[PDB]
Amino acid sequence: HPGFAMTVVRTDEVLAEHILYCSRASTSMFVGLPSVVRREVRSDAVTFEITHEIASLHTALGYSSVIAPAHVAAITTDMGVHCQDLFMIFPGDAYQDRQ
Amino acid sequence: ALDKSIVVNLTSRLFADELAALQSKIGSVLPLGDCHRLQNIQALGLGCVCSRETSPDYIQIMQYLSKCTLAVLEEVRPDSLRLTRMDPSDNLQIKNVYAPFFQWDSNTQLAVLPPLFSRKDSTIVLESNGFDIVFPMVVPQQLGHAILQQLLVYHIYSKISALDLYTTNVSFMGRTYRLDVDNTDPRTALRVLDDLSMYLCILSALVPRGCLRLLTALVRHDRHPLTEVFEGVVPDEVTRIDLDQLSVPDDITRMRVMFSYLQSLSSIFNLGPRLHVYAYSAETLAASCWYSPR
Amino acid sequence: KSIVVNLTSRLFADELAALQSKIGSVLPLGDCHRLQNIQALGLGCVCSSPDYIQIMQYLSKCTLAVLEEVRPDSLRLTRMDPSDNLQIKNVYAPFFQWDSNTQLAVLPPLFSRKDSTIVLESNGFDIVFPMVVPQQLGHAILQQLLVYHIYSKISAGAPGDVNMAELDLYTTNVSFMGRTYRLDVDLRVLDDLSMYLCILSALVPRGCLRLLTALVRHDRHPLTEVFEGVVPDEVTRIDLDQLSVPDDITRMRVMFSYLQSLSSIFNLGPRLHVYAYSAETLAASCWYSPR
Amino acid sequence: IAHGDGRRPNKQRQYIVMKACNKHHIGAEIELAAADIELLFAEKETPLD
Amino acid sequence: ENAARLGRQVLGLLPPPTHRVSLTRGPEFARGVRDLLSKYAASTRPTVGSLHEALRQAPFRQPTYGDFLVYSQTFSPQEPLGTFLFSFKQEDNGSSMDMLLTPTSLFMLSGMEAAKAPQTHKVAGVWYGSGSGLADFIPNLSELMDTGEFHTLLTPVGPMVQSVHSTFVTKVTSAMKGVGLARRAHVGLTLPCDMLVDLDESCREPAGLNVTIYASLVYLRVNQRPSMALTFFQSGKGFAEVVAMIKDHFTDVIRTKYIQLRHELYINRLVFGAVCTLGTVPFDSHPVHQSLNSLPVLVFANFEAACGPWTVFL
């Protein structure tokens with residue numbers, strides 16, 4: 001046992017389902033007349049392109065929706081035992097010895 | 001909008017075996033001859049320059065490939081092949097199909113290469129028509145230059161000798177791949193090497209004296225991550241140029257003239273055209289690149 | 001072609017007039033859509049210990065844009081298309097006095113920070129401007145500061161070899177278009193080209209005798225007979241027998257890789273062609289051709 | 001709250017706040033064959049099978 | 001009455017309106033989609049009115065003209081329209097002037113031999129009575145050819161569109177991008193047959209979409225003095241071939257150049273040539289031979305101009 005103790009910091013990813021509450025009539029929506037642009041004109045068939053472009057507006061003075069954690073899904077990170085080896089990051093900082 | 005479509009009429013109904021091999025190659029870039037709508041099958045693939053009876057010349061195939069117009073396959077019928085073509089600046093959809101698999105992402109480059117790793121994997125035959133469609137392969141530039149690196153090594157040393165782990169294998173990150181250079185014509189691959197020999201005994205004629213000394217203060221004194229090819233033994237020729245003193249107004253010219261012959265080596269390390277990818281979907285392997293020739 | 005950069009906290013009065021000057025300027029931008037944050041524009045992902053080639057290769061893989069209006073609550077951009085006519089103001093620090101009918105380039109910043117970046121404290125992210133210099137000056141500004149970075153490493157270990165009175169006479173004075181420019185130098189940007197141009201500096205004399213003696217045959221190209229009489233006498237005495245053959249391969253698979261990645265970073269094309277310029281309004285109309 | 005009896009309010013404040021609309025892009029693609037477009041619109045207006 | 005005639009001309013050149021199909025109402029969606037499909041079906045039939053509607057969709061990009069201002073003794077009044085233009089910008093003049101060098105005026109600065117150029121040597125002398133009015137305005141016609149820095153000063157511009165010549169100041173308008181419209185016809189770039197060297201001629205290569213024109217500026221010695229020689233090339237073989245094909249054209253020059261460099265070596269002497277990329281002619285649009293006064297001049301059509309940086313070759 002060397003005399004000094006030490007601490008260990010591990011990270012961990014978690015897939016988590018969520019619950020999103022929204023309140024009544026919080027955002028007003030708008031609708032533009034969508035435009036049909038034609039493109040890629042083949043003798044066999046035609047392709048159309050429709051853009052619906054829409055502006056949304058937030059209303060009164062506070063946040064109007066609150067997200068939540070919920071039932072947990074599978075854990076991505078191993079929660080295993082592995083340490084970041086400083087030999088691998090910084091080879092430039094090295095001993096004056098060669099062998 | 002403008003039309004861009006190249007239908008290829010099959011003069012005989014192709015088989016059910018070789019119809020599945022073409023439909024596996026959907027969304028694959030292949031270079032054809034002329035820029036008009038109805039096209040013959042003998043001007044469809046790359047098989048006009050990559051034969052079976054003659055030795056394929058991988059420089060000459062790749063040299064041929066930056067001349068052509070390039071097209072993207074979209075539908076394989078038993079009677080026809082419909083292909084959209086590639087305007088020199090147009091956002092077009094493309095698919096990752098090719099069998100030595102390599103992961104793509106957004107903001108990458110791509111480059112169209114001859115079938116270097118396996119000729120037999122790319123060539124599928126139409127014995128119901130008498131022609132073989134030879135697909136190229138599209139490869140990112142950090143690997144795409146790396147095959148032209150390893151192929152120019154091969155035509156130097158195999159001419160010295162006339163061994164199969166250093167002169168042929170291409171080292172990608174974590175992988176090594178074997179090149180198919182068994183029966184090749186080298187007559188244009190030595191023409192590129194005869195063009196390197198002019199630039200390489202010019203770059204050696206004006207080496208700056210200060211950069212030679214920065215090696216000798218680093219190859220034996222300290223650790224740098226990529227100097228480890230050089231061991232503590234310095235080359236014997238570096239010290240036999242070290243013998244004269246340093247001089248700044250005789251090294252500004254030895255850097256400016258050395259600057260211009262490094263711009264000239266992009267005529268000798270060229271890939272084909274480029275495919276500026278701006279989006280990618282790994283669930284579909286369907287990118288969407290942005291074409292630019294030269 | 002409009003990109004809005006939202007700001008969730010309003011600007012200071014000192015940070016407002018710092019950007020009122022740089023009202024026309026070319027800025028890199030990591031994606032080409034509009035709903036992006038303050039952390040997206042500029043070279044802040046790579047410049048804020050910077051390295052040269054990672055920024056030079058980033059500019060060709062990027063979508064540049066032009067400021068048009070600086071308002072308090074937000075900012076406004078303009079996406080710059082391939083071959084698109086514009087109007088760009090010369091505002092870049094330090095000042096280089098562009099000429100009309102030139103070929104402007106875009107370089108990574110390599111001078112001091114107070115000319116390069118604007119320090120923002122309203123949101124805590126400092127934006128980084130690139131170096132927009134004419135092409136013939138921007139390559140003469142770097143074939144000397146890469147020479148100066150070599151001799152500041154020779155004189156750091158062997159200080160008797162480099163005269164400081166003659167090093168700061170030629171390397172920090174650039175003359176272009178009849179005008180001498182003195183450049184400001186205190187270089188951790190160019191600490192990779194100095195380690196690539198020197199790791200390539202020794203393999204070229206070994207490489208040309210290896211490659212002249214391999215290409216000897218009846219079908220030699222005729223010009224290489226003439227380009228043999230340029231290489232010096234000491235290079236023609238290299239013993240290639242002191243190395244092995246499986247070691248001699250790795251002095252080509254590494255050798256040519258510093259002749260491609262070192263060549264394809266100077267032939268990069270985020271350049272733009274100014275066709276009209278006025279020296280007192282500092283405005284310039286141009287068109288931008290990528291690669 | 002109204003005045004009086006030891007109750008001192010922070011008398012009626014009025015904001016005037018200017019907020020911004022936020023645009024959104026929605027794309028879609030319709031493919032249509034050229035056969036059905038042409039047979040459903042012919043210059044001879046006789047009926048169809 | 002005359003103001004109403006212009007109302008019919010502006011409202012006949014407007015772009016077509018984008019179809020606005022409302023996706024929120026029931027019957028308004030049915031009557032808007034029906035006018036997409038009653039209108040594509042009348043843009044597909046081979047009648048003349050369907051072809052009359054098909055050209056209003058105009059996705060045309062435009063040429064960007066540059067207005068130059070040249071002294072009248074460095075630029076002839078007898079210049080063919082479509083001549084290529086360079087810009088020499090060595091220093092900052094006291095006045096806002098510019099030096100534009102046509103390839104028949106850059107023949108007098110270079111002094112390349114008339115055995116190479118038999119026809120553009122008689123022309124370049126009859127327009128320029130001494131050749132001194134050009135050479136007086138460049139004080140370094142020996143130090144820019146020794147060190148190899150003349151190609152760093154030229155910027156390619158484009159073909160000529162308008163030449164308002166006067167006694168002392170000539171106004172020259174070029175076309176730096178696109179096809180240049182005269183000032184109305186489309187001006188194609190005109191090169192002499194003396195300078196243009198084809199590469200596509202041979203004794204089956206792909207018929208690509210496009211063919212490019214390059215400009216090579218090559219350093220050499222004549223009369224044991226520094227000179228140069230500018231030639232033009234035309235091929236669509238991609239950049240790796242043509243640089244290897246230009247080295248085959250100048251095989252006889254390099255072998256007669258380093259006879260003298262085998263004596264002595266300066267590092268100012270090694271740089272040899274530079275290849276630009278001028279523009280792109282479309283495929284198989286053959287140039288039409290013309291004559292001036294008898295000067296064989298190839299005039300192209302639909303030549304849109306580009307601009308490539310001078311890349312060294314040797």
# chains A, B, ... in the order shown; residues from 1 in each chain; ligands from 1
call {"tool": "interface_residues", "arguments": {"of": "chain E", "to": "chain A", "cutoff": "10 Å", "atoms": "only C-alpha atoms", "output": "ChimeraX atom specification"}}
result
/E:17-24,33,36,40,44
call {"tool": "residues_around", "arguments": {"residues": "residue B:47", "least_positions_apart": "3", "cutoff": "9 Å", "atoms": "only C-alpha atoms", "output": "JSON, numbers by chain"}}
result
{"B": [42, 43, 44, 50, 51, 52, 123, 131, 132, 133, 134, 135]}
call {"tool": "select_by_dssp", "arguments": {"residues": "stretch 52-216 of chain E", "states": "strand (DSSP E or B)", "output": "VMD selection string"}}
result
chain E and resid 65 to 71 84 to 88 99 154 to 164 169 to 175 178 180 to 181 186 to 187 190 to 192 196 to 198 210 to 216
call {"tool": "interface_residues", "arguments": {"of": "chain A", "to": "chain D", "cutoff": "6 Å", "atoms": "only C-alpha atoms", "output": "ChimeraX atom specification"}}
result
/A:44-57
call {"tool": "write_last_selection", "arguments": {"atoms": "N, CA and C atoms", "output": "CSV table (one decimal), in the first residue's frame"}}
result
chain,number,residue,atom,x,y,z
A,44,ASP,N,-40.3,9.8,-68.3
A,44,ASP,CA,-41.1,8.8,-67.7
A,44,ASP,C,-42.1,9.4,-66.7
A,45,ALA,N,-41.7,10.4,-65.9
A,45,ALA,CA,-42.4,10.8,-64.7
A,45,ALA,C,-41.9,12.2,-64.2
A,46,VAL,N,-42.7,12.9,-63.4
A,46,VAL,CA,-42.5,14.2,-62.9
A,46,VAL,C,-42.3,14.2,-61.4
A,47,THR,N,-41.5,15.0,-60.8
A,47,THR,CA,-41.4,15.1,-59.4
A,47,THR,C,-41.7,16.6,-59.0
A,48,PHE,N,-42.5,16.7,-58.0
A,48,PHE,CA,-42.9,18.0,-57.4
A,48,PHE,C,-42.3,18.2,-56.0
A,49,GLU,N,-42.2,19.4,-55.6
A,49,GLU,CA,-41.6,19.8,-54.4
A,49,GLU,C,-42.5,20.9,-53.7
A,50,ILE,N,-42.9,20.6,-52.5
A,50,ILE,CA,-43.9,21.5,-51.7
A,50,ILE,C,-43.2,21.9,-50.5
A,51,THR,N,-43.1,23.3,-50.3
A,51,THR,CA,-42.6,23.9,-49.1
A,51,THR,C,-43.7,24.6,-48.4
A,52,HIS,N,-43.9,24.3,-47.1
A,52,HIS,CA,-45.1,24.7,-46.4
A,52,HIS,C,-44.9,25.9,-45.5
A,53,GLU,N,-43.7,26.6,-45.6
A,53,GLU,CA,-43.1,27.4,-44.6
A,53,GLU,C,-43.9,28.1,-43.6
A,54,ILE,N,-43.7,28.0,-42.3
A,54,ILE,CA,-44.6,28.3,-41.2
A,54,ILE,C,-43.8,28.9,-40.1
A,55,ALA,N,-44.4,30.0,-39.5
A,55,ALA,CA,-43.9,30.8,-38.4
A,55,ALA,C,-44.7,30.4,-37.2
A,56,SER,N,-44.0,30.0,-36.1
A,56,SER,CA,-44.6,29.8,-34.8
A,56,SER,C,-44.2,31.0,-33.8
A,57,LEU,N,-45.2,31.3,-32.9
A,57,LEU,CA,-45.0,32.3,-32.0
A,57,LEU,C,-45.2,31.9,-30.6
call {"tool": "closest_residue", "arguments": {"among": "B:114, B:31, B:100, B:232", "to": "chain E", "atoms": "only C-alpha atoms"}}
result
B:31
call {"tool": "select_by_dssp", "arguments": {"residues": "stretch 95-157 of chain B", "states": "helix (DSSP H, G or I)", "output": "list in words"}}
result
residues 119, 120, 121, 122, 141, 142, 143, 144, 145, 146, 147, 148, 149, 150, 151, 152, 153, 154, 155, 156 and 157 of chain B
call {"tool": "write_last_selection", "arguments": {"atoms": "N, CA, C and O atoms", "output": "CSV table (one decimal), in the first residue's frame"}}
result
chain,number,residue,atom,x,y,z
B,119,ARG,N,-10.6,-7.0,-59.0
B,119,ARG,CA,-11.2,-6.8,-60.3
B,119,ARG,C,-12.4,-7.7,-60.5
B,119,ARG,O,-13.4,-7.3,-61.1
B,120,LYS,N,-12.4,-8.9,-60.1
B,120,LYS,CA,-13.5,-9.9,-60.3
B,120,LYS,C,-14.7,-9.5,-59.5
B,120,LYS,O,-15.8,-9.8,-59.9
B,121,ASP,N,-14.6,-8.8,-58.3
B,121,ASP,CA,-15.7,-8.4,-57.6
B,121,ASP,C,-16.5,-7.3,-58.3
B,121,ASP,O,-17.7,-7.2,-58.2
B,122,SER,N,-15.8,-6.4,-58.9
B,122,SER,CA,-16.4,-5.3,-59.6
B,122,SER,C,-17.0,-5.7,-60.9
B,122,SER,O,-18.2,-5.3,-61.3
B,141,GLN,N,-10.7,10.5,-49.7
B,141,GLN,CA,-9.4,10.9,-50.2
B,141,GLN,C,-8.3,10.5,-49.3
B,141,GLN,O,-7.1,10.3,-49.8
B,142,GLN,N,-8.5,10.3,-48.0
B,142,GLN,CA,-7.4,9.9,-47.1
B,142,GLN,C,-7.0,8.4,-47.4
B,142,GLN,O,-5.9,8.0,-47.2
B,143,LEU,N,-8.0,7.7,-47.9
B,143,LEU,CA,-7.7,6.3,-48.4
B,143,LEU,C,-7.5,6.3,-49.9
B,143,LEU,O,-6.7,5.5,-50.4
B,144,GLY,N,-8.1,7.3,-50.6
B,144,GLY,CA,-8.0,7.3,-52.1
B,144,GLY,C,-6.6,7.7,-52.5
B,144,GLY,O,-6.1,7.1,-53.5
B,145,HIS,N,-6.0,8.6,-51.9
B,145,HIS,CA,-4.6,8.9,-52.2
B,145,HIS,C,-3.7,7.8,-51.7
B,145,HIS,O,-2.8,7.4,-52.4
B,146,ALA,N,-4.1,7.1,-50.6
B,146,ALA,CA,-3.2,6.0,-50.1
B,146,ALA,C,-3.1,4.8,-51.0
B,146,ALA,O,-2.1,4.1,-50.8
B,147,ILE,N,-4.0,4.6,-51.9
B,147,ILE,CA,-3.8,3.5,-52.8
B,147,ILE,C,-2.8,3.9,-53.9
B,147,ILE,O,-2.0,3.1,-54.4
B,148,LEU,N,-3.0,5.1,-54.4
B,148,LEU,CA,-2.0,5.7,-55.3
B,148,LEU,C,-0.6,5.8,-54.7
B,148,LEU,O,0.4,5.9,-55.4
B,149,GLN,N,-0.5,6.0,-53.4
B,149,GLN,CA,0.7,5.9,-52.7
B,149,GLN,C,1.4,4.5,-52.8
B,149,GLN,O,2.5,4.4,-53.3
B,150,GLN,N,0.6,3.5,-52.5
B,150,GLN,CA,1.1,2.1,-52.4
B,150,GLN,C,1.3,1.5,-53.8
B,150,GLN,O,2.2,0.7,-54.0
B,151,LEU,N,0.6,2.0,-54.8
B,151,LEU,CA,0.7,1.5,-56.2
B,151,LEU,C,2.0,2.1,-56.8
B,151,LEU,O,2.6,1.4,-57.6
B,152,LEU,N,2.4,3.3,-56.5
B,152,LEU,CA,3.6,3.8,-57.0
B,152,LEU,C,4.8,3.3,-56.3
B,152,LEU,O,5.9,3.4,-56.9
B,153,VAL,N,4.7,2.8,-55.1
B,153,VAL,CA,5.8,2.0,-54.5
B,153,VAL,C,6.0,0.7,-55.2
B,153,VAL,O,7.2,0.3,-55.4
B,154,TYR,N,5.0,0.1,-55.6
B,154,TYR,CA,5.1,-1.3,-56.2
B,154,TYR,C,5.8,-1.3,-57.5
B,154,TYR,O,6.6,-2.2,-57.8
B,155,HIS,N,5.6,-0.3,-58.4
B,155,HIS,CA,6.2,-0.3,-59.7
B,155,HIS,C,7.7,0.2,-59.6
B,155,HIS,O,8.4,0.0,-60.6
B,156,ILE,N,8.2,0.7,-58.5
B,156,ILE,CA,9.6,0.9,-58.3
B,156,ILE,C,10.3,-0.3,-57.9
B,156,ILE,O,11.3,-0.7,-58.5
B,157,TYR,N,9.9,-1.0,-56.8
B,157,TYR,CA,10.6,-2.1,-56.3
B,157,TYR,C,10.5,-3.4,-57.1
B,157,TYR,O,11.5,-4.1,-57.1
call {"tool": "residues_around", "arguments": {"residues": "residue C:183", "least_positions_apart": "5", "cutoff": "10 Å", "atoms": "only C-alpha atoms", "output": "MDAnalysis selection string"}}
result
chainID C and resid 94 111 141 145 171:174
call {"tool": "write_last_selection", "arguments": {"atoms": "N, CA and C atoms", "output": "short mmCIF file (atom, residue, chain, number, x, y, z; two decimals), in the first residue's frame"}}
result
data_model
loop_
_atom_site.label_atom_id
_atom_site.label_comp_id
_atom_site.auth_asym_id
_atom_site.auth_seq_id
_atom_site.Cartn_x
_atom_site.Cartn_y
_atom_site.Cartn_z
N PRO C 94 -4.45 42.42 -39.33
CA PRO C 94 -3.94 43.75 -39.70
C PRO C 94 -4.29 44.13 -41.13
N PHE C 111 -1.41 35.58 -36.62
CA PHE C 111 -0.87 36.69 -35.86
C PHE C 111 -1.52 36.72 -34.48
N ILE C 141 3.78 35.51 -47.04
CA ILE C 141 3.73 35.79 -45.61
C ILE C 141 4.01 34.53 -44.81
N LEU C 145 7.57 33.08 -42.34
CA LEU C 145 7.26 32.72 -40.96
C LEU C 145 7.38 31.23 -40.69
N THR C 171 13.02 38.15 -42.29
CA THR C 171 11.87 37.29 -42.08
C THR C 171 10.62 38.05 -41.66
N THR C 172 10.77 39.21 -41.03
CA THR C 172 9.61 39.96 -40.57
C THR C 172 9.30 41.18 -41.43
N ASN C 173 9.88 41.27 -42.62
CA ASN C 173 9.61 42.37 -43.54
C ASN C 173 9.22 41.81 -44.90
N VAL C 174 7.97 42.03 -45.30
CA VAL C 174 7.43 41.54 -46.55
C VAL C 174 7.08 42.73 -47.43
#
call {"tool": "interface_residues", "arguments": {"of": "chain B", "to": "chain C", "cutoff": "6 Å", "atoms": "only C-alpha atoms", "output": "PDB file with N, CA, C and O atoms, in the first residue's frame"}}
result
ATOM      1  N   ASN B 107     -19.428  16.177 -44.403  1.00  0.00           N
ATOM      2  CA  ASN B 107     -18.246  17.018 -44.647  1.00  0.00           C
ATOM      3  C   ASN B 107     -17.008  16.195 -45.010  1.00  0.00           C
ATOM      4  O   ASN B 107     -15.883  16.554 -44.666  1.00  0.00           O
ATOM      5  N   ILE B 160      13.033  -3.211 -59.537  1.00  0.00           N
ATOM      6  CA  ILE B 160      14.345  -3.460 -58.941  1.00  0.00           C
ATOM      7  C   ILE B 160      14.584  -4.958 -58.782  1.00  0.00           C
ATOM      8  O   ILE B 160      15.640  -5.479 -59.163  1.00  0.00           O
ATOM      9  N   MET B 198      11.992  13.955 -62.104  1.00  0.00           N
ATOM     10  CA  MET B 198      12.371  15.320 -62.432  1.00  0.00           C
ATOM     11  C   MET B 198      12.147  16.249 -61.248  1.00  0.00           C
ATOM     12  O   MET B 198      12.979  17.116 -60.970  1.00  0.00           O
ATOM     13  N   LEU B 200      12.015  15.352 -58.099  1.00  0.00           N
ATOM     14  CA  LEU B 200      12.617  14.896 -56.857  1.00  0.00           C
ATOM     15  C   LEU B 200      14.104  15.208 -56.804  1.00  0.00           C
ATOM     16  O   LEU B 200      14.650  15.415 -55.714  1.00  0.00           O
ATOM     17  N   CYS B 201      14.774  15.245 -57.954  1.00  0.00           N
ATOM     18  CA  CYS B 201      16.109  15.816 -58.033  1.00  0.00           C
ATOM     19  C   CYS B 201      16.095  17.289 -58.399  1.00  0.00           C
ATOM     20  O   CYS B 201      17.111  17.811 -58.869  1.00  0.00           O
ATOM     21  N   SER B 204      15.648  18.108 -54.135  1.00  0.00           N
ATOM     22  CA  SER B 204      16.883  17.807 -53.433  1.00  0.00           C
ATOM     23  C   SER B 204      17.977  18.819 -53.719  1.00  0.00           C
ATOM     24  O   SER B 204      18.938  18.908 -52.950  1.00  0.00           O
ATOM     25  N   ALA B 205      17.853  19.582 -54.802  1.00  0.00           N
ATOM     26  CA  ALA B 205      18.882  20.533 -55.187  1.00  0.00           C
ATOM     27  C   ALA B 205      18.786  21.854 -54.436  1.00  0.00           C
ATOM     28  O   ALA B 205      19.721  22.656 -54.508  1.00  0.00           O
ATOM     29  N   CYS B 211      16.448  23.593 -41.982  1.00  0.00           N
ATOM     30  CA  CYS B 211      15.581  22.467 -41.680  1.00  0.00           C
ATOM     31  C   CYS B 211      16.359  21.164 -41.554  1.00  0.00           C
ATOM     32  O   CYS B 211      15.888  20.234 -40.892  1.00  0.00           O
ATOM     33  N   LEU B 262       6.161  22.312 -54.768  1.00  0.00           N
ATOM     34  CA  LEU B 262       5.163  21.539 -54.042  1.00  0.00           C
ATOM     35  C   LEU B 262       3.755  21.798 -54.550  1.00  0.00           C
ATOM     36  O   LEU B 262       2.896  20.918 -54.449  1.00  0.00           O
ATOM     37  N   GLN B 263       3.499  22.977 -55.117  1.00  0.00           N
ATOM     38  CA  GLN B 263       2.259  23.175 -55.850  1.00  0.00           C
ATOM     39  C   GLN B 263       2.215  22.351 -57.125  1.00  0.00           C
ATOM     40  O   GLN B 263       1.128  21.962 -57.560  1.00  0.00           O
TER      41      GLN B 263
END
call {"tool": "closest_atom_pairs", "arguments": {"of": "chain B", "to": "chain A", "cutoff": "6 Å", "atoms": "only C-alpha atoms", "output": "tab-separated table"}}
result
residue	atom	partner	partner_atom	distance
B:1	CA	A:39	CA	5.1
B:3	CA	A:41	CA	5.6
B:223	CA	A:92	CA	5.9
B:224	CA	A:92	CA	5.8
call {"tool": "write_last_selection", "arguments": {"atoms": "N, CA and C atoms", "output": "PDB file, in the first residue's frame"}}
result
ATOM      1  N   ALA B   1     -37.829  22.275 -64.923  1.00  0.00           N
ATOM      2  CA  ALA B   1     -36.386  22.206 -64.736  1.00  0.00           C
ATOM      3  C   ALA B   1     -35.722  21.542 -65.938  1.00  0.00           C
ATOM      4  N   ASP B   3     -33.601  18.641 -68.018  1.00  0.00           N
ATOM      5  CA  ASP B   3     -33.594  17.186 -68.036  1.00  0.00           C
ATOM      6  C   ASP B   3     -32.174  16.656 -67.929  1.00  0.00           C
ATOM      7  N   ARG B 223      11.947  13.457 -27.948  1.00  0.00           N
ATOM      8  CA  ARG B 223      10.910  12.602 -28.525  1.00  0.00           C
ATOM      9  C   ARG B 223       9.798  13.469 -29.105  1.00  0.00           C
ATOM     10  N   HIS B 224       9.554  13.303 -30.398  1.00  0.00           N
ATOM     11  CA  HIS B 224       8.473  13.719 -31.273  1.00  0.00           C
ATOM     12  C   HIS B 224       7.736  12.477 -31.762  1.00  0.00           C
TER      13      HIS B 224
END
call {"tool": "closest_residue", "arguments": {"among": "E:143, E:35, E:1, E:98", "to": "chain C", "atoms": "only C-alpha atoms"}}
result
E:98
call {"tool": "residues_around", "arguments": {"residues": "stretch 77-87 of chain A", "least_positions_apart": "3", "cutoff": "8 Å", "atoms": "only C-alpha atoms", "output": "list in words"}}
result
residues 10, 11, 12, 13, 14, 90 and 91 of chain A
call {"tool": "write_last_selection", "arguments": {"atoms": "C-alpha atoms", "output": "mmCIF file, in the first residue's frame"}}
result
data_model
loop_
_atom_site.group_PDB
_atom_site.id
_atom_site.type_symbol
_atom_site.label_atom_id
_atom_site.label_comp_id
_atom_site.auth_asym_id
_atom_site.auth_seq_id
_atom_site.Cartn_x
_atom_site.Cartn_y
_atom_site.Cartn_z
ATOM 1 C CA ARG A 10 -16.377 7.627 -14.069
ATOM 2 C CA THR A 11 -18.921 8.775 -16.667
ATOM 3 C CA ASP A 12 -22.039 6.927 -17.803
ATOM 4 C CA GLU A 13 -24.582 7.280 -20.617
ATOM 5 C CA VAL A 14 -28.250 6.424 -20.011
ATOM 6 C CA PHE A 90 0.945 13.014 -24.354
ATOM 7 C CA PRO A 91 3.986 11.217 -25.802
#
call {"tool": "residues_around", "arguments": {"residues": "stretch 200-209 of chain E", "least_positions_apart": "2", "cutoff": "9 Å", "atoms": "only C-alpha atoms", "output": "ChimeraX atom specification"}}
result
/B:32-35,64,67-69 /E:198,211,234-237,282-284
call {"tool": "write_last_selection", "arguments": {"atoms": "N, CA and C atoms", "output": "mmCIF file, in the first residue's frame"}}
result
data_model
loop_
_atom_site.group_PDB
_atom_site.id
_atom_site.type_symbol
_atom_site.label_atom_id
_atom_site.label_comp_id
_atom_site.auth_asym_id
_atom_site.auth_seq_id
_atom_site.Cartn_x
_atom_site.Cartn_y
_atom_site.Cartn_z
ATOM 1 N N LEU B 32 -19.673 6.712 -68.081
ATOM 2 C CA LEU B 32 -20.066 6.387 -69.442
ATOM 3 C C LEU B 32 -19.469 7.385 -70.430
ATOM 4 N N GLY B 33 -19.671 7.107 -71.711
ATOM 5 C CA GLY B 33 -18.971 7.824 -72.757
ATOM 6 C C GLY B 33 -19.483 9.207 -73.106
ATOM 7 N N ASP B 34 -20.715 9.316 -73.591
ATOM 8 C CA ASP B 34 -21.173 10.548 -74.209
ATOM 9 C C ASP B 34 -22.324 11.156 -73.419
ATOM 10 N N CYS B 35 -22.504 12.465 -73.581
ATOM 11 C CA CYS B 35 -23.534 13.198 -72.850
ATOM 12 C C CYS B 35 -24.782 13.384 -73.711
ATOM 13 N N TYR B 64 -8.176 7.625 -67.638
ATOM 14 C CA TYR B 64 -9.380 7.650 -68.458
ATOM 15 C C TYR B 64 -10.580 8.147 -67.677
ATOM 16 N N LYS B 67 -11.523 11.918 -67.521
ATOM 17 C CA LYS B 67 -12.000 12.458 -68.787
ATOM 18 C C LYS B 67 -13.509 12.389 -68.921
ATOM 19 N N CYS B 68 -14.115 11.317 -68.420
ATOM 20 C CA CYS B 68 -15.466 10.928 -68.779
ATOM 21 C C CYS B 68 -16.507 11.836 -68.147
ATOM 22 N N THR B 69 -17.751 11.579 -68.519
ATOM 23 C CA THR B 69 -18.906 12.004 -67.759
ATOM 24 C C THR B 69 -19.314 10.863 -66.842
ATOM 25 N N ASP E 198 -3.417 22.481 -80.343
ATOM 26 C CA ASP E 198 -4.423 21.517 -79.927
ATOM 27 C C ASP E 198 -3.753 20.295 -79.311
ATOM 28 N N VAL E 211 -14.714 21.148 -72.798
ATOM 29 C CA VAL E 211 -13.314 21.211 -73.210
ATOM 30 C C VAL E 211 -12.735 22.556 -72.770
ATOM 31 N N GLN E 234 -5.564 23.585 -75.831
ATOM 32 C CA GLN E 234 -6.998 23.308 -75.809
ATOM 33 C C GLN E 234 -7.213 21.805 -75.744
ATOM 34 N N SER E 235 -7.699 21.310 -74.606
ATOM 35 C CA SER E 235 -8.069 19.907 -74.471
ATOM 36 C C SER E 235 -8.977 19.750 -73.264
ATOM 37 N N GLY E 236 -9.603 18.583 -73.175
ATOM 38 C CA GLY E 236 -10.474 18.242 -72.066
ATOM 39 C C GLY E 236 -10.083 16.931 -71.425
ATOM 40 N N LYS E 237 -8.779 16.706 -71.310
ATOM 41 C CA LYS E 237 -8.228 15.436 -70.865
ATOM 42 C C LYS E 237 -7.993 15.383 -69.364
ATOM 43 N N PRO E 282 -17.761 24.831 -74.913
ATOM 44 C CA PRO E 282 -18.552 23.596 -74.949
ATOM 45 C C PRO E 282 -17.995 22.605 -75.963
ATOM 46 N N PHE E 283 -18.428 21.352 -75.839
ATOM 47 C CA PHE E 283 -17.901 20.301 -76.698
ATOM 48 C C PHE E 283 -18.406 20.454 -78.133
ATOM 49 N N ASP E 284 -17.547 20.038 -79.076
ATOM 50 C CA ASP E 284 -17.627 20.014 -80.545
ATOM 51 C C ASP E 284 -18.225 21.257 -81.202
#
